[PDB]
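K.L.:
Got a structure for you, written out below as structure tokens; questions coming shortly.
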Amino acid sequence: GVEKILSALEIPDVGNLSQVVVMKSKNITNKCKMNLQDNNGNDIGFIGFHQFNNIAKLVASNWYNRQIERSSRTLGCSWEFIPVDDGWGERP
Amino acid sequence: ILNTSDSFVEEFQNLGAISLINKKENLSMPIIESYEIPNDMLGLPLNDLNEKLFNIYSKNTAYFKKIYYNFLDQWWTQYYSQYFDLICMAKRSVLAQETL
Amino acid sequence: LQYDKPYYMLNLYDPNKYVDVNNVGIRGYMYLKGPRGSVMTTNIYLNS
Amino acid sequence: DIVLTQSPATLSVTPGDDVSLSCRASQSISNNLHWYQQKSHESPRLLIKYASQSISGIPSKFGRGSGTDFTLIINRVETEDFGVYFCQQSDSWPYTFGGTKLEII
Amino acid sequence: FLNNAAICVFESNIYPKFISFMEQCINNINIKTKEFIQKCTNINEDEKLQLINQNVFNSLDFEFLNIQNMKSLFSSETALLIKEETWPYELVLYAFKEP
Amino acid sequence: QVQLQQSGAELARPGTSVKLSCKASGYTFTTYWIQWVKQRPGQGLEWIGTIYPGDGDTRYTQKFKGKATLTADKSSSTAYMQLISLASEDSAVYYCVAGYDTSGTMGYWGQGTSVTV
Amino acid sequence: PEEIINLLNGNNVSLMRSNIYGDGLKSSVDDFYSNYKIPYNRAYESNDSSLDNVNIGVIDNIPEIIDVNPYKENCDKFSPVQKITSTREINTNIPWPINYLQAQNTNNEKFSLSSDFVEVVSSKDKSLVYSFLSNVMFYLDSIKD
Amino acid sequence: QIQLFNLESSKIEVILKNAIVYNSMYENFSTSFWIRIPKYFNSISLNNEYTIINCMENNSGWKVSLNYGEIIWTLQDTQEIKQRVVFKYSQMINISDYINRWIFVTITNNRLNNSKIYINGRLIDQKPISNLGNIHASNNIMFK
Ligand SMILES: [Mg+2]
């Protein structure tokens, strides 16, 4: 399947699995994209989600690579990183 | 519409957008609830008065937002309806000329 | 955006979902779980 | 309504001694209580406003209490400090009083 | 053109009357609040002054006009789909390396 | 400074009526509650009622409901109390007062009106 | 049509008749806005997500209802709703937008573009169609010989 | 990125040249800046307008002030005739684009037509300032 389900692995257990992430800044510049790549420089696809039964799993999909930038279909692989800030300051 | 002149564009510029429609005045002023403050707070102390005045203040702000939404709904129902009528009629005119 | 900094995640297609991990390991997966919930102080703020 | 029970009914004091006048409220009134002194043939005089606040040039030996238990301290009773002491509440509209009689031994 | 004309009508004809009604309302509210706070028994004049200044309403408390929200009203999903189906792109070649 | 002056008729027959007055000066007459206190000779204080002259807000105690009638004239800075159906129990000294920080308290005192029924 | 615009002239003869169709919804002359009191209380204090609590797995695990214990009177007599569409017939001397719109349609195989609405609606042919395509008519004129 | 606290020593002063201080009735002018306003937590911030950027001199000039979900631009002539424009953002919302986020504010002032306030490059509000007379701004701009 083109949809590769992402997983959280032990750091000493990654081995030769696909882990190299290329970051992208799209316009502030809040919109962030993450294209996954194996250790051979090939594209695994952008990191978004896909529906498997009830659960929408985090997935590297090359279908995003087939979509033009800024298209609505690219809003699934667009992410927002939120650090703890003293201006927001709710309980972590 | 505004075709009585030799140029519609300058007439629109002069007379504003409101001149495009036929029913200019349709707004009805909503009735308010007359403002009253409860009488049990006359003898309240300082600290225990302030934070309930806070609640009443937020109430008044919410009431203001509600009145604004009433005006917005009036605009959409009474005014923008005629402009969407104009949109559809102009599109039909475009289609007729294209057919010609 | 900085290295070595912890960031909670938001997905722009479904802002009301947050990233959660079902199980750790190759046999596990990570998915978007909702709702986020609401944090509030009355008459001041009520946010996700 | 609010009832102010004041104690003692009458008191005898040596000049130069500390005294306490107890004012008990049937309901909680925060600090909305006020102490007054009334001498012979004279109208009462405001001593300390609120639970504990100084007024003009009243002797600097008064003011104490909150809630339902209030006390009028007097650090050094002098000869002119004879008279009736009253406490009143300004929380509820009834606006009740009490009564105590400070005499000097 | 006609959407912008209608929004201009809201800004030029409806919003002013909303503003007039709102200041008519807030004048009454401010008068009532000031008189009530002066009626208060268990606070002094400084507290009355600061509390009146605390809970006054000015013209800024009801200036809700946001032209960008008005414009975004018509930014429906269907409009987005039409925009992306009718943009001038007739060919956009992409190429990448899958495993 | 603030001063309060009361007159009263000071002498009346049982069953008749009387109207005591209280003139205020030195402050804004319409910003302080003005209250009346009854004191029988040698007894303690007895609260009667309070008037706000800003908009004429009356509030009485239940014991002096039909006896006392409180009014105030905005233009003359005068607060009046009317005692009607006078009996022997009304012979007392009557004070009209208003506070200076807490409007409910009595800070500044009038000279009093001694009535005799 | 909800109403019909009859465009007359000075001599009061029908030059054209245009249709205006209604929405089909019921109408009320009561003017809701003028009588509505905006609530002060009880509404003082809406995410794009409503079906989150629908769990497809557990629902798919619920067995079908087999042994039905029917409730005898579970339905009403179905009453159809009928509607009589009324048509108004209103006259005017100043052309309406629908008048100008209808003037741009012709069933004639051979027609001619014109920028004169009165001439188009009063045509004695009647093969003239109202058009505001100024450049098109200009170019068609330039090559007429 | 500059952080200004509610302290007297947390301030930035700009002494302007005498040839660029505003004193006119007809000269249009604009301002722009990126501001990050933290969320309001206390009720004491309710109905508490506080200036952050100050260019007022004897009640004449311009100031940028803040309030509970309010960015306020204030113009005032020498006759104490003043006009205020506002951008309001609510704190009662699931996810906000303005609360504790960097916002690009732009205020344009046409002395003949209107004063307009834009947020993130989009027109937000406008008020007619054509009824304002002569405005004499400050010789310095105060950020505090
Ligand atoms: Mg999917």
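Ordering of the structure tokens sets the chain letters (A, B, ...), residue numbers begin anew at 1 in every chain, and ligands are numbered from 1 in the order given.
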Ligand 1: which residues are within 8 Å, counting only C-alpha atoms and all ligand atoms, as a PyMOL selection string?
P.N.:
chain A and resi 49-51+56
K.L.:
Give as a PyMOL selection string every residue of chain E that touches chain F within 7 Å, counting only C-alpha atoms.
P.N.:
chain E and resi 38+41-45
K.L.:
Show me, as a tab-separated table (two decimals) with C-alpha atoms, in the first residue's frame, the residues that have an atom within 10 Å of residue 47 (chain D) when counting only C-alpha atoms, minus same-chain residues fewer than 5 positions from it.
P.N.:
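And here's part-v5.tsv as it stands now:
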```
chain	number	residue	atom	x	y	z
D	34	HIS	CA	-19.11	50.10	63.30
D	35	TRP	CA	-18.43	51.23	66.88
D	36	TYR	CA	-19.86	54.34	68.55
D	37	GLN	CA	-19.41	56.06	71.92
D	53	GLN	CA	-10.20	51.61	60.67
D	54	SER	CA	-9.03	54.84	62.31
D	55	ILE	CA	-11.29	57.91	62.36
D	56	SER	CA	-10.08	61.53	62.63
D	57	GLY	CA	-8.55	61.95	66.09
D	58	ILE	CA	-10.32	59.17	67.99
D	59	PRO	CA	-8.02	57.54	70.59
D	60	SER	CA	-5.69	55.08	68.87
D	61	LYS	CA	-6.89	52.08	70.90
D	62	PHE	CA	-9.93	50.68	69.07
D	63	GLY	CA	-11.05	48.34	66.30
D	72	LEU	CA	-13.88	46.77	70.65
D	85	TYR	CA	-20.74	51.89	73.63
D	86	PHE	CA	-22.84	50.65	70.71
D	87	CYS	CA	-22.05	48.55	67.65
F	107	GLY	CA	-20.23	59.89	60.99
```
K.L.:
Using only C-alpha atoms, which protein or nucleic acid residues come within 9 Å of residue 32 (chain C)? Drop anything in the same chain fewer than 2 positions from it, and give the result as an MDAnalysis selection string.
P.N.:
(chainID A and resid 49 55:58) or (chainID C and resid 11 14 17:21 30 34)
K.L.:
Given the selection you just returned, output its residues as a file containing N, CA and C atoms, formatted as a compact mmCIF listing (two decimals), in the first residue's frame.
P.N.:
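out_37.txt was written with the following content:
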```
# COMPACT_ATOMS: atom_id res chain seq x y z
N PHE A 49 -2.11 11.63 7.44
CA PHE A 49 -2.89 10.57 8.06
C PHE A 49 -3.72 9.86 7.00
N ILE A 55 -9.80 4.27 12.99
CA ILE A 55 -8.66 5.07 13.43
C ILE A 55 -7.99 5.73 12.23
N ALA A 56 -7.71 7.02 12.35
CA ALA A 56 -6.95 7.76 11.34
C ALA A 56 -5.49 7.73 11.76
N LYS A 57 -4.73 6.81 11.17
CA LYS A 57 -3.35 6.58 11.56
C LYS A 57 -2.40 7.54 10.86
N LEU A 58 -1.33 7.92 11.56
CA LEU A 58 -0.29 8.74 10.97
C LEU A 58 0.46 7.93 9.92
N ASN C 11 -2.77 19.05 13.46
CA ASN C 11 -2.96 18.76 12.05
C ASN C 11 -3.95 19.76 11.47
N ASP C 14 -7.62 18.65 10.49
CA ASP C 14 -8.51 18.43 11.63
C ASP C 14 -7.85 19.04 12.86
N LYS C 17 -8.07 17.41 16.51
CA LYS C 17 -7.42 16.14 16.80
C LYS C 17 -6.00 16.39 17.27
N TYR C 18 -5.50 15.51 18.14
CA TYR C 18 -4.12 15.56 18.58
C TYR C 18 -3.47 14.20 18.37
N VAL C 19 -2.15 14.21 18.19
CA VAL C 19 -1.42 12.98 17.93
C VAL C 19 -1.31 12.17 19.22
N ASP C 20 -1.68 10.89 19.14
CA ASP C 20 -1.52 9.96 20.25
C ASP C 20 -0.92 8.67 19.71
N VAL C 21 -0.30 7.90 20.60
CA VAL C 21 0.37 6.66 20.23
C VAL C 21 -0.41 5.51 20.84
N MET C 30 0.62 5.33 15.47
CA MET C 30 0.20 6.62 16.01
C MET C 30 -0.96 7.15 15.18
N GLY C 34 -9.42 12.53 19.13
CA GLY C 34 -10.17 13.68 19.56
C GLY C 34 -11.22 13.32 20.60
```
K.L.:
Would you compute the distance between CA of residue 44 (chain F) and CA of residue 117 (chain F)? Give it in Å to one decimal.
P.N.:
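One can read the CA of residue 44 (chain F) to CA of residue 117 (chain F) distance as 19.2 Å.
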K.L.:
Name the residues in contact with residue 45 (chain A) at a cut-off of 12 Å, using only C-alpha atoms, excluding same-chain residues fewer than 5 positions from it; report them as a PDB file with N, CA and C atoms, in the first residue's frame.
P.N.:
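File produced: result-v7.pdb:
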```
ATOM      1  N   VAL A   2       0.396   2.278  -0.745  1.00  0.00           N
ATOM      2  CA  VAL A   2       1.123   3.544  -0.794  1.00  0.00           C
ATOM      3  C   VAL A   2       1.158   4.198   0.582  1.00  0.00           C
ATOM      4  N   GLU A   3       0.121   3.986   1.388  1.00  0.00           N
ATOM      5  CA  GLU A   3       0.071   4.524   2.744  1.00  0.00           C
ATOM      6  C   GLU A   3       0.938   3.665   3.657  1.00  0.00           C
ATOM      7  N   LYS A   4       2.019   4.244   4.187  1.00  0.00           N
ATOM      8  CA  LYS A   4       2.910   3.549   5.112  1.00  0.00           C
ATOM      9  C   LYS A   4       2.595   4.022   6.526  1.00  0.00           C
ATOM     10  N   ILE A   5       2.071   3.120   7.353  1.00  0.00           N
ATOM     11  CA  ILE A   5       1.661   3.492   8.701  1.00  0.00           C
ATOM     12  C   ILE A   5       2.893   3.789   9.545  1.00  0.00           C
ATOM     13  N   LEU A   6       2.914   4.967  10.159  1.00  0.00           N
ATOM     14  CA  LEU A   6       4.038   5.374  10.986  1.00  0.00           C
ATOM     15  C   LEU A   6       3.934   4.763  12.376  1.00  0.00           C
ATOM     16  N   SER A  18      12.987   3.428   7.448  1.00  0.00           N
ATOM     17  CA  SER A  18      12.873   4.771   6.888  1.00  0.00           C
ATOM     18  C   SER A  18      12.655   5.788   8.001  1.00  0.00           C
ATOM     19  N   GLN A  19      13.605   6.709   8.157  1.00  0.00           N
ATOM     20  CA  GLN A  19      13.521   7.701   9.220  1.00  0.00           C
ATOM     21  C   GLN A  19      13.926   9.113   8.822  1.00  0.00           C
ATOM     22  N   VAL A  20      14.550   9.334   7.667  1.00  0.00           N
ATOM     23  CA  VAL A  20      15.118  10.647   7.366  1.00  0.00           C
ATOM     24  C   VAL A  20      13.999  11.576   6.912  1.00  0.00           C
ATOM     25  N   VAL A  21      13.834  12.701   7.600  1.00  0.00           N
ATOM     26  CA  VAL A  21      12.718  13.605   7.347  1.00  0.00           C
ATOM     27  C   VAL A  21      13.248  14.903   6.754  1.00  0.00           C
ATOM     28  N   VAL A  22      12.635  15.339   5.657  1.00  0.00           N
ATOM     29  CA  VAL A  22      12.941  16.612   5.018  1.00  0.00           C
ATOM     30  C   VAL A  22      11.839  17.591   5.395  1.00  0.00           C
ATOM     31  N   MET A  23      12.223  18.708   6.003  1.00  0.00           N
ATOM     32  CA  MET A  23      11.266  19.689   6.493  1.00  0.00           C
ATOM     33  C   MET A  23      11.013  20.768   5.445  1.00  0.00           C
ATOM     34  N   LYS A  33       5.613  21.090   6.494  1.00  0.00           N
ATOM     35  CA  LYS A  33       5.472  19.817   5.805  1.00  0.00           C
ATOM     36  C   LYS A  33       6.679  18.936   6.091  1.00  0.00           C
ATOM     37  N   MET A  34       6.448  17.625   6.110  1.00  0.00           N
ATOM     38  CA  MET A  34       7.473  16.647   6.472  1.00  0.00           C
ATOM     39  C   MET A  34       7.464  15.520   5.444  1.00  0.00           C
ATOM     40  N   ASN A  35       8.428  15.543   4.527  1.00  0.00           N
ATOM     41  CA  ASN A  35       8.562  14.494   3.523  1.00  0.00           C
ATOM     42  C   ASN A  35       9.503  13.417   4.049  1.00  0.00           C
ATOM     43  N   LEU A  36       9.002  12.192   4.153  1.00  0.00           N
ATOM     44  CA  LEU A  36       9.819  11.097   4.652  1.00  0.00           C
ATOM     45  C   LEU A  36      10.663  10.500   3.532  1.00  0.00           C
ATOM     46  N   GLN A  37      11.851  10.033   3.903  1.00  0.00           N
ATOM     47  CA  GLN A  37      12.804   9.451   2.977  1.00  0.00           C
ATOM     48  C   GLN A  37      13.547   8.334   3.691  1.00  0.00           C
ATOM     49  N   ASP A  38      13.779   7.251   2.957  1.00  0.00           N
ATOM     50  CA  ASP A  38      14.557   6.124   3.445  1.00  0.00           C
ATOM     51  C   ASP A  38      16.037   6.504   3.438  1.00  0.00           C
ATOM     52  N   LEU A  58      -1.334   7.919  11.563  1.00  0.00           N
ATOM     53  CA  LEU A  58      -0.287   8.738  10.965  1.00  0.00           C
ATOM     54  C   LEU A  58       0.460   7.925   9.918  1.00  0.00           C
ATOM     55  N   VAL A  59       0.599   8.494   8.726  1.00  0.00           N
ATOM     56  CA  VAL A  59       1.010   7.741   7.549  1.00  0.00           C
ATOM     57  C   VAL A  59       1.944   8.587   6.696  1.00  0.00           C
ATOM     58  N   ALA A  60       3.036   7.982   6.237  1.00  0.00           N
ATOM     59  CA  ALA A  60       3.812   8.541   5.139  1.00  0.00           C
ATOM     60  C   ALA A  60       3.178   8.093   3.826  1.00  0.00           C
ATOM     61  N   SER A  61       2.725   9.055   3.025  1.00  0.00           N
ATOM     62  CA  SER A  61       2.044   8.761   1.772  1.00  0.00           C
ATOM     63  C   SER A  61       2.709   9.519   0.635  1.00  0.00           C
ATOM     64  N   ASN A  62       3.028   8.799  -0.440  1.00  0.00           N
ATOM     65  CA  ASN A  62       3.551   9.421  -1.648  1.00  0.00           C
ATOM     66  C   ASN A  62       2.458  10.053  -2.496  1.00  0.00           C
ATOM     67  N   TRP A  63       1.189   9.836  -2.145  1.00  0.00           N
ATOM     68  CA  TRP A  63       0.102  10.513  -2.840  1.00  0.00           C
ATOM     69  C   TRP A  63       0.177  12.022  -2.645  1.00  0.00           C
ATOM     70  N   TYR A  64       0.691  12.472  -1.498  1.00  0.00           N
ATOM     71  CA  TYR A  64       0.875  13.904  -1.285  1.00  0.00           C
ATOM     72  C   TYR A  64       1.906  14.478  -2.250  1.00  0.00           C
ATOM     73  N   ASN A  65       2.960  13.713  -2.551  1.00  0.00           N
ATOM     74  CA  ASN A  65       3.961  14.163  -3.514  1.00  0.00           C
ATOM     75  C   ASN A  65       3.363  14.397  -4.894  1.00  0.00           C
ATOM     76  N   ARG A  66       2.244  13.746  -5.206  1.00  0.00           N
ATOM     77  CA  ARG A  66       1.593  13.890  -6.501  1.00  0.00           C
ATOM     78  C   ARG A  66       0.672  15.100  -6.565  1.00  0.00           C
ATOM     79  N   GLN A  67       0.548  15.854  -5.477  1.00  0.00           N
ATOM     80  CA  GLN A  67      -0.366  16.982  -5.393  1.00  0.00           C
ATOM     81  C   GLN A  67       0.405  18.292  -5.470  1.00  0.00           C
ATOM     82  N   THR A  74      -3.362  19.124   0.093  1.00  0.00           N
ATOM     83  CA  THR A  74      -2.134  19.181   0.874  1.00  0.00           C
ATOM     84  C   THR A  74      -2.361  19.657   2.304  1.00  0.00           C
ATOM     85  N   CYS A  77      -1.401  16.949   5.225  1.00  0.00           N
ATOM     86  CA  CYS A  77      -0.014  16.772   5.630  1.00  0.00           C
ATOM     87  C   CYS A  77       0.610  18.059   6.154  1.00  0.00           C
TER      88      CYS A  77
ATOM     89  N   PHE E  96       9.420  11.912  -8.964  1.00  0.00           N
ATOM     90  CA  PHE E  96      10.183  11.600  -7.762  1.00  0.00           C
ATOM     91  C   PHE E  96      10.557  10.125  -7.756  1.00  0.00           C
ATOM     92  N   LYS E  97      11.349   9.746  -6.755  1.00  0.00           N
ATOM     93  CA  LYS E  97      11.898   8.399  -6.643  1.00  0.00           C
ATOM     94  C   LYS E  97      11.225   7.667  -5.488  1.00  0.00           C
ATOM     95  N   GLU E  98      10.373   6.708  -5.822  1.00  0.00           N
ATOM     96  CA  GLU E  98       9.864   5.745  -4.866  1.00  0.00           C
ATOM     97  C   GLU E  98      10.869   4.610  -4.709  1.00  0.00           C
ATOM     98  N   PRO E  99      10.829   3.884  -3.584  1.00  0.00           N
ATOM     99  CA  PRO E  99      11.714   2.720  -3.440  1.00  0.00           C
ATOM    100  C   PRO E  99      11.550   1.734  -4.586  1.00  0.00           C
TER     101      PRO E  99
END
```
K.L.:
Show me a table, sorted first by chain and then by increasing residue number, of the residues of chain G having an atom at most 9 Å from chain B, each with its shortest atom pair and the distance in Å to one decimal, counting only C-alpha atoms and written as JSON lines.
P.N.:
```
{"residue": "G:31", "atom": "CA", "partner": "B:28", "partner_atom": "CA", "distance": 8.7}
{"residue": "G:33", "atom": "CA", "partner": "B:28", "partner_atom": "CA", "distance": 6.0}
{"residue": "G:34", "atom": "CA", "partner": "B:28", "partner_atom": "CA", "distance": 5.1}
{"residue": "G:35", "atom": "CA", "partner": "B:31", "partner_atom": "CA", "distance": 7.0}
{"residue": "G:36", "atom": "CA", "partner": "B:30", "partner_atom": "CA", "distance": 6.1}
{"residue": "G:37", "atom": "CA", "partner": "B:31", "partner_atom": "CA", "distance": 5.1}
{"residue": "G:38", "atom": "CA", "partner": "B:32", "partner_atom": "CA", "distance": 6.4}
{"residue": "G:39", "atom": "CA", "partner": "B:63", "partner_atom": "CA", "distance": 7.6}
{"residue": "G:40", "atom": "CA", "partner": "B:63", "partner_atom": "CA", "distance": 6.0}
{"residue": "G:41", "atom": "CA", "partner": "B:59", "partner_atom": "CA", "distance": 7.8}
{"residue": "G:43", "atom": "CA", "partner": "B:62", "partner_atom": "CA", "distance": 8.7}
{"residue": "G:44", "atom": "CA", "partner": "B:62", "partner_atom": "CA", "distance": 5.8}
{"residue": "G:45", "atom": "CA", "partner": "B:62", "partner_atom": "CA", "distance": 7.8}
{"residue": "G:96", "atom": "CA", "partner": "B:1", "partner_atom": "CA", "distance": 8.6}
{"residue": "G:97", "atom": "CA", "partner": "B:1", "partner_atom": "CA", "distance": 7.3}
{"residue": "G:98", "atom": "CA", "partner": "B:89", "partner_atom": "CA", "distance": 7.7}
{"residue": "G:100", "atom": "CA", "partner": "B:93", "partner_atom": "CA", "distance": 8.8}
{"residue": "G:101", "atom": "CA", "partner": "B:93", "partner_atom": "CA", "distance": 6.0}
{"residue": "G:102", "atom": "CA", "partner": "B:93", "partner_atom": "CA", "distance": 8.8}
{"residue": "G:104", "atom": "CA", "partner": "B:96", "partner_atom": "CA", "distance": 6.3}
{"residue": "G:105", "atom": "CA", "partner": "B:96", "partner_atom": "CA", "distance": 6.6}
{"residue": "G:106", "atom": "CA", "partner": "B:100", "partner_atom": "CA", "distance": 8.8}
{"residue": "G:113", "atom": "CA", "partner": "B:100", "partner_atom": "CA", "distance": 8.6}
{"residue": "G:129", "atom": "CA", "partner": "B:100", "partner_atom": "CA", "distance": 8.8}
{"residue": "G:131", "atom": "CA", "partner": "B:97", "partner_atom": "CA", "distance": 6.9}
{"residue": "G:132", "atom": "CA", "partner": "B:97", "partner_atom": "CA", "distance": 8.4}
{"residue": "G:133", "atom": "CA", "partner": "B:97", "partner_atom": "CA", "distance": 7.9}
```
K.L.:
Provide as an NGL selection string the residues of chain A at most 7 Å from chain E, counting only C-alpha atoms.
P.N.:
:A and (42-44 or 66)
K.L.:
As a VMD selection string, list the residues of region 19-137 of chain H assigned to strand (DSSP E or B) by DSSP on the backbone atoms of this structure.
P.N.:
chain H and resid 23 to 24 29 to 36 50 to 56 61 to 67 70 to 76 82 to 88 92 102 to 109 115 to 119 122 to 127 135 to 136
K.L.:
Those residues with C-alpha atoms, as a PDB file, in the first residue's frame please?
P.N.:
```pdb
ATOM      1  CA  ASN H  23       2.675  68.389  12.353  1.00  0.00           C
ATOM      2  CA  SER H  24       0.162  68.786   9.513  1.00  0.00           C
ATOM      3  CA  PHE H  29       1.096  58.321   6.913  1.00  0.00           C
ATOM      4  CA  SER H  30       1.250  54.657   7.860  1.00  0.00           C
ATOM      5  CA  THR H  31       2.746  52.290  10.423  1.00  0.00           C
ATOM      6  CA  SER H  32       3.405  48.557  10.564  1.00  0.00           C
ATOM      7  CA  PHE H  33       4.778  46.105  13.114  1.00  0.00           C
ATOM      8  CA  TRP H  34       4.608  42.505  14.315  1.00  0.00           C
ATOM      9  CA  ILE H  35       3.127  42.121  17.799  1.00  0.00           C
ATOM     10  CA  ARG H  36       2.589  39.053  19.986  1.00  0.00           C
ATOM     11  CA  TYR H  50      -3.137  50.547  28.321  1.00  0.00           C
ATOM     12  CA  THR H  51      -0.937  52.270  25.753  1.00  0.00           C
ATOM     13  CA  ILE H  52       2.084  50.439  24.361  1.00  0.00           C
ATOM     14  CA  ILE H  53       3.259  52.825  21.606  1.00  0.00           C
ATOM     15  CA  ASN H  54       2.998  56.524  22.455  1.00  0.00           C
ATOM     16  CA  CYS H  55       3.420  59.546  20.170  1.00  0.00           C
ATOM     17  CA  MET H  56       1.208  62.014  22.038  1.00  0.00           C
ATOM     18  CA  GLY H  61      -0.640  62.879  17.941  1.00  0.00           C
ATOM     19  CA  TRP H  62      -1.144  59.120  17.745  1.00  0.00           C
ATOM     20  CA  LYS H  63      -0.984  56.142  20.079  1.00  0.00           C
ATOM     21  CA  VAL H  64      -1.246  52.361  19.856  1.00  0.00           C
ATOM     22  CA  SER H  65      -2.973  50.938  22.935  1.00  0.00           C
ATOM     23  CA  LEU H  66      -4.168  47.501  24.012  1.00  0.00           C
ATOM     24  CA  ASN H  67      -7.207  46.155  25.839  1.00  0.00           C
ATOM     25  CA  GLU H  70      -8.457  44.886  21.477  1.00  0.00           C
ATOM     26  CA  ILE H  71      -5.734  46.552  19.417  1.00  0.00           C
ATOM     27  CA  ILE H  72      -6.590  50.264  19.409  1.00  0.00           C
ATOM     28  CA  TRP H  73      -5.209  53.045  17.210  1.00  0.00           C
ATOM     29  CA  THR H  74      -5.939  56.564  18.466  1.00  0.00           C
ATOM     30  CA  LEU H  75      -5.495  59.802  16.503  1.00  0.00           C
ATOM     31  CA  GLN H  76      -6.076  63.194  18.101  1.00  0.00           C
ATOM     32  CA  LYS H  82      -9.989  62.281  18.446  1.00  0.00           C
ATOM     33  CA  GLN H  83     -10.794  59.173  16.425  1.00  0.00           C
ATOM     34  CA  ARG H  84     -10.153  55.549  17.370  1.00  0.00           C
ATOM     35  CA  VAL H  85     -10.025  52.429  15.219  1.00  0.00           C
ATOM     36  CA  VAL H  86      -9.994  48.939  16.707  1.00  0.00           C
ATOM     37  CA  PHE H  87      -9.276  45.340  15.834  1.00  0.00           C
ATOM     38  CA  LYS H  88     -11.153  42.948  18.134  1.00  0.00           C
ATOM     39  CA  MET H  92     -14.015  32.576  23.430  1.00  0.00           C
ATOM     40  CA  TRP H 102       2.564  36.880  15.976  1.00  0.00           C
ATOM     41  CA  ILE H 103       0.242  39.367  14.257  1.00  0.00           C
ATOM     42  CA  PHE H 104       1.245  41.750  11.466  1.00  0.00           C
ATOM     43  CA  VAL H 105      -0.535  45.040  12.215  1.00  0.00           C
ATOM     44  CA  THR H 106      -0.721  47.857   9.666  1.00  0.00           C
ATOM     45  CA  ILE H 107      -2.427  51.229  10.172  1.00  0.00           C
ATOM     46  CA  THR H 108      -2.852  53.635   7.257  1.00  0.00           C
ATOM     47  CA  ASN H 109      -4.055  57.215   7.743  1.00  0.00           C
ATOM     48  CA  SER H 115      -7.920  55.632   8.950  1.00  0.00           C
ATOM     49  CA  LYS H 116      -7.751  51.904   8.185  1.00  0.00           C
ATOM     50  CA  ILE H 117      -6.430  49.046  10.323  1.00  0.00           C
ATOM     51  CA  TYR H 118      -5.234  45.815   8.661  1.00  0.00           C
ATOM     52  CA  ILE H 119      -4.330  42.542  10.387  1.00  0.00           C
ATOM     53  CA  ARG H 122      -6.214  42.003   5.317  1.00  0.00           C
ATOM     54  CA  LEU H 123      -8.347  45.099   5.861  1.00  0.00           C
ATOM     55  CA  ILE H 124     -10.085  44.863   9.237  1.00  0.00           C
ATOM     56  CA  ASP H 125     -11.678  48.216  10.039  1.00  0.00           C
ATOM     57  CA  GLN H 126     -11.809  51.879   9.064  1.00  0.00           C
ATOM     58  CA  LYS H 127     -13.030  55.158  10.568  1.00  0.00           C
ATOM     59  CA  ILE H 135      -2.321  67.075  14.496  1.00  0.00           C
ATOM     60  CA  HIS H 136       0.986  67.743  16.273  1.00  0.00           C
TER      61      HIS H 136
END
```
K.L.:
Work out how far CA of residue 36 (chain F) is from CA of residue 94 (chain F), in Å to one decimal.
P.N.:
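Answer for the CA of residue 94 (chain F) to CA of residue 36 (chain F) separation: 6.9 Å.
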K.L.:
Using only C-alpha atoms, find the one residue out of B:98, B:10, B:48, B:36 that sits nearest to chain D.
P.N.:
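For chain D, the nearest of the candidates is B:48.
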K.L.:
Could you pull the residues within 10 Å of region 50-61 of chain G, counting only C-alpha atoms, minus those fewer than 4 positions along the same chain, as a list in words?
P.N.:
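In the requested format, the answer is residues 53 and 54 of chain A; 33, 34 and 35 of chain C; 46 of chain G.
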K.L.:
Where in region 4-100 of chain B does DSSP assign helix (DSSP H, G or I), given as an NGL selection string?
P.N.:
:B and (8-15 or 17-20 or 39-41 or 47-99)
K.L.:
Rank nothing, just name the residue among H:139, H:144, H:129, H:45 nearest to residue 16 (chain H), using only C-alpha atoms.
P.N.:
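Nearest candidate to residue 16 (chain H) out of H:139, H:144, H:129, H:45: H:139.
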K.L.:
Output the contact residues of chain D with respect to chain F at a cut-off of 10 Å, based on only C-alpha atoms, as a ChimeraX atom specification.
P.N.:
/D:32-36,38,40-50,55,84-86,88-91,93-100
